[PDB]
Structures are given as C-alpha cells and as structure tokens.
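Student: My structure is below; once you've seen it, I'll send some questions.
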Amino acid sequence: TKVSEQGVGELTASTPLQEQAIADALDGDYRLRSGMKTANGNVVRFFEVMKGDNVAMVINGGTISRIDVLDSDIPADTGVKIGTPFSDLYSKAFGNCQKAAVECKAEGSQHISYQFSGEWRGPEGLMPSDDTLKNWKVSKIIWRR
C-alpha cells in the first residue's frame, strides 16, 4: 500500500464513502470508525482507519475526495514517508509550502501533499523560516482527488 496519484492502495476517487467499500479496499490489520462534520453549508461523513489505538488514515468524501495518511508504514510512491526530513525534499519553503504544521505539494504531483511538523519558532500566524523548517519531518501524507 502506497499513496499514489490514484489514491491509497485501492481507495480511489471512485470508492464510495461507505463502511463496507472502504473495508474491502483496505489491506492491513485495521479497524474502522466513523464521524460527521460540517462542510460547505452541510454535514459530511468521514472515516478513521485505526491502527491499534491511533488513527492510521482519515477518509473524507459522498465519494472519497481526500485521504490523510498518518500510518508510517504507508509511503508515498514519490518515496516520501512519515518521518522524511524536510531538507531531503526542499531547499526552501517559498511557493512550495503553506501553513496547514506546514503543508507542501509533492514535486511533480497533482494530488499529493505532505504536512511537516517540528519545533515552532517566530510569530504563530506565518510559516516558520527555512532554517527552522530544515529539521522538520513529514507527519502526514495527504491525497486529494
């Protein structure tokens, strides 16, 4: 299982946002939980794919339109994984990255982004500088349809 342009394993833009569809798509020893939230003047459903006590993925959609991956065992097919150092991927934040954690588009991808976390430095309403960020690490991989 990897994050790719098409989704996460067999979870894709055509995957219904439904318990049995997701469970059939999933390839691992996961549990599944659900929830609802507010979006665009309505209420939408989401699923949390659970790996033990911890969220491995959040699936949003009523068909899947976003998957946040927190499971360190699922890399991006760009080779990026949870824990990848910022400085492995980017020489600077400018234009690549924005406050989500900081979120950056994967180079050459239309669908994949990485969120980074690390020690915050400076004012809270801006992206931290390049010298702080160099030591940040990937804390989430995000796919969007």
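Labels used: A, B, ... for chains in the order of the structure tokens, numbers from 1 for residues in each chain, and numbers from 1 for ligands as shown.
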For the strand (DSSP E) assignment from backbone DSSP, which residues of chain A qualify? Please present them as a PyMOL selection string.

Tutor: chain A and resi 3-4+7-8+11-12+31-39+42-51+54-60+66-69+97-99+102-105+112-117+137-144

Student: Excluding residue 81 (chain A) and its own-chain neighbours fewer than 2 positions away, which residues fall within 10 Å of it when counting only C-alpha atoms? Please give them as a list in words.

Tutor: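 In the requested form, the answer reads residues 2, 3, 69, 70, 71, 72, 73, 74, 75, 76, 77, 78, 79, 83, 84, 85, 114, 137, 138, 139, 140 and 141 of chain A.
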
Student: Give me, as an NGL selection string, the residues of chain A that a backbone DSSP run labels alpha helix (DSSP H).

Tutor: :A and (19-25 or 86-89 or 130-133)

Student: Do you have the CA of residue 111 (chain A)-CA of residue 144 (chain A) distance handy?

Tutor: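 Distance between the two atoms: 5.1 Å.
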
Student: Mind giving me the straight-line distance from CA of residue 120 (chain A) to CA of residue 59 (chain A) in Å, one decimal?

Tutor: 27.7 Å

Student: Residues at most 8 Å from residue 5 (chain A), counting only C-alpha atoms, excluding those fewer than 2 positions away in the same chain, as a PyMOL selection string?

Tutor: chain A and resi 3+7+109-112+143

Student: Would you list the contacts of region 44-48 of chain A as a short mmCIF file (atom, residue, chain, number, x, y, z; two decimals) with N, CA and C atoms, in the first residue's frame, taking every protein, DNA or RNA residue within 7 Å and counting only C-alpha atoms, but skipping same-chain residues closer than 2 positions in sequence?

Tutor:
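Okay, this is what ended up in around_18.cif:
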data_model
loop_
_atom_site.label_atom_id
_atom_site.label_comp_id
_atom_site.auth_asym_id
_atom_site.auth_seq_id
_atom_site.Cartn_x
_atom_site.Cartn_y
_atom_site.Cartn_z
N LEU A 32 -12.00 0.34 11.82
CA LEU A 32 -12.64 1.46 11.13
C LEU A 32 -13.68 2.11 12.07
N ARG A 33 -13.72 3.44 12.08
CA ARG A 33 -14.56 4.21 12.96
C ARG A 33 -15.19 5.29 12.05
N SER A 34 -16.32 5.89 12.44
CA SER A 34 -16.88 6.95 11.62
C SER A 34 -17.20 8.20 12.40
N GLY A 35 -17.55 9.25 11.68
CA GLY A 35 -17.85 10.54 12.29
C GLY A 35 -18.49 11.47 11.26
N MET A 36 -18.91 12.63 11.70
CA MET A 36 -19.56 13.55 10.80
C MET A 36 -19.05 14.88 11.18
N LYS A 37 -19.03 15.76 10.19
CA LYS A 37 -18.66 17.13 10.46
C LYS A 37 -19.34 18.01 9.45
N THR A 38 -19.12 19.29 9.65
CA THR A 38 -19.72 20.35 8.89
C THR A 38 -18.76 20.72 7.74
N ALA A 39 -19.32 20.88 6.53
CA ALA A 39 -18.59 21.34 5.32
C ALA A 39 -19.55 22.00 4.31
N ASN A 42 -23.30 22.12 4.72
CA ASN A 42 -23.90 20.81 5.05
C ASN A 42 -23.08 19.96 6.03
N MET A 50 -8.14 2.82 11.78
CA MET A 50 -7.44 2.79 13.05
C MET A 50 -6.37 1.71 13.04
N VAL A 55 -4.96 6.80 14.90
CA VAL A 55 -5.55 6.96 13.59
C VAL A 55 -4.46 6.71 12.57
N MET A 57 -5.40 6.61 9.08
CA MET A 57 -5.89 7.42 7.92
C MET A 57 -7.21 8.02 8.31
N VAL A 58 -7.45 9.20 7.76
CA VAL A 58 -8.76 9.86 7.78
C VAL A 58 -9.25 9.94 6.35
N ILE A 59 -10.44 9.40 6.09
CA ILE A 59 -11.00 9.39 4.79
C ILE A 59 -12.20 10.35 4.75
N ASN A 60 -12.17 11.26 3.79
CA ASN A 60 -13.23 12.27 3.58
C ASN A 60 -13.79 12.13 2.20
N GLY A 61 -15.00 12.65 1.99
CA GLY A 61 -15.69 12.49 0.71
C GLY A 61 -16.96 13.33 0.59
#

Student: Counting only C-alpha atoms, which of A:52, A:108, A:62, A:123 gets nearest to residue 15 (chain A)?

Tutor: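 So, comparing all the options, the nearest one is A:62.
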
Student: Extract, using only C-alpha atoms, all DNA, RNA and protein residues at most 8 Å from residue 145 (chain A), discarding same-chain residues fewer than 4 positions from it, and format them as a PyMOL selection string.

Tutor: chain A and resi 6-7+13+64-66+111

Student: Using the selection just defined, write its residues with C-alpha atoms as a PDB file, in the first residue's frame.

Tutor:
ATOM      1  CA  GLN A   6      -4.871   7.492  -7.923  1.00  0.00           C
ATOM      2  CA  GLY A   7      -5.388   7.094  -4.162  1.00  0.00           C
ATOM      3  CA  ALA A  13     -11.913   8.795  -6.256  1.00  0.00           C
ATOM      4  CA  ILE A  64     -13.791   9.687  -1.458  1.00  0.00           C
ATOM      5  CA  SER A  65     -12.232  13.100  -2.147  1.00  0.00           C
ATOM      6  CA  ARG A  66      -9.360  13.278   0.427  1.00  0.00           C
ATOM      7  CA  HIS A 111      -2.795  15.021  -5.946  1.00  0.00           C
TER       8      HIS A 111
END

Student: Just to confirm, what's the straight-line distance from CA of residue 53 (chain A) to CA of residue 26 (chain A) in Å (one decimal)?

Tutor: 17.5 Å

Student: Excluding residue 93 (chain A) and its own-chain neighbours fewer than 6 positions away, which residues fall within 9 Å of it when counting only C-alpha atoms? Please give them as a VMD selection string.

Tutor: chain A and resid 104 127 to 130 133

Student: Using only C-alpha atoms, which of A:82, A:126, A:142, A:89 sits nearest residue 113 (chain A)?

Tutor: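 Going through A:82, A:126, A:142, A:89 one by one, the smallest distance to residue 113 (chain A) is for A:142.
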